[PDB]
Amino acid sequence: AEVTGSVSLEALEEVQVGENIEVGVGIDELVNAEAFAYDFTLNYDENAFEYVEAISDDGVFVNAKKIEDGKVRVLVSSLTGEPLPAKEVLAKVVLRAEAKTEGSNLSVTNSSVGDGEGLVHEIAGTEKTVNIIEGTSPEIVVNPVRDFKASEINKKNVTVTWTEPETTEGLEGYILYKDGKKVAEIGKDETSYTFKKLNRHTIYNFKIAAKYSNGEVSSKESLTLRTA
């Protein structure tokens, strides 16, 4: 003795809201003692992050508990019959990013190790800052099909074709109408539709709308035409 040391903390420098981040904690350095157990407290901004779980490998046992939002107590124990190794991630504390925030602090405090006879030795803490960014989903922008036309006008049927809308984010399919009533809903993989059971020499109105994953529906494109 006397016993000295310090914690290691590894994380990615940036994370987006809705993501988990894995905070790897270990022992950076330890002098004049071997660590069979290692206790530490992870501190975080509870408005920025939420605790999820703690996660370790086979030969480490981890008791992790939340003290209060912002503070997780982690008890790490070797299960190998050997001391915990230094310069390695020993436990991973998984946090859920909750809010856009710049330079959010992550710190390990109240750190100590237990030696072979169960004597406990305080070791120095560590900190790191992390940037949380918005994660936001892309804007769903609704637009009509294009190039809507009858590719074939027969006596008793009519095939219509079209081109996809200008905006395809969250495009799901198309709805088809004849003389002001819905006749079909189809997938976005379809580019053509045949209206069957028509009367010869007869005027019809045909319309199509594009339908989007948010439940929104585009303006309708319309054809009026008479069968052969």
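Throughout, we count residues from 1 along the sequence that is shown.
Participant: Averaging the C-alpha B factors as listed in the entry, name the stretch that ends up higher: 111 to 119 or 129 to 137.
Facilitator: Averaging CA B-factors over each stretch, the winner is 129 to 137.
Participant: For the C-alpha atoms alone, is the average B factor greater in 42 to 50 or in 162 to 170, going by the entry?
Facilitator: Higher mean C-alpha B-factor: 42 to 50.
Participant: Could you check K155, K149, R73, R146 and tell me which one carries the biggest Cα B-factor in the deposited entry?
Facilitator: Answer, based on the entry's C-alpha B-factors: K155.
Participant: Which third, lowest, middle or highest, does the C-alpha temperature factor of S218 belong to within its own chain?
Facilitator: According to the entry, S218 has a C-alpha B-factor in the chain's lowest third.
Participant: Consider only the C-alpha atoms of the modelled residues in this chain, order them by B-factor as the entry records it, and name the third containing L225: lowest, middle or highest.
Facilitator: Middle third.
Participant: Check where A124 lands among this chain's C-alpha B-factors and tell me if it's the lowest, middle or highest third.
Facilitator: For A124, the deposited C-alpha B-factor lands in the lowest third.
Participant: Taking only the Cα B-factors deposited for this chain, tell me whether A1 sits in the lowest, middle or highest third.
Facilitator: Highest third of the chain for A1's C-alpha B-factor.
Participant: Split the chain's modelled residues into thirds by Cα B-factor; is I67 in the lowest, middle or highest one?
Facilitator: Highest third of the chain for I67's C-alpha B-factor.
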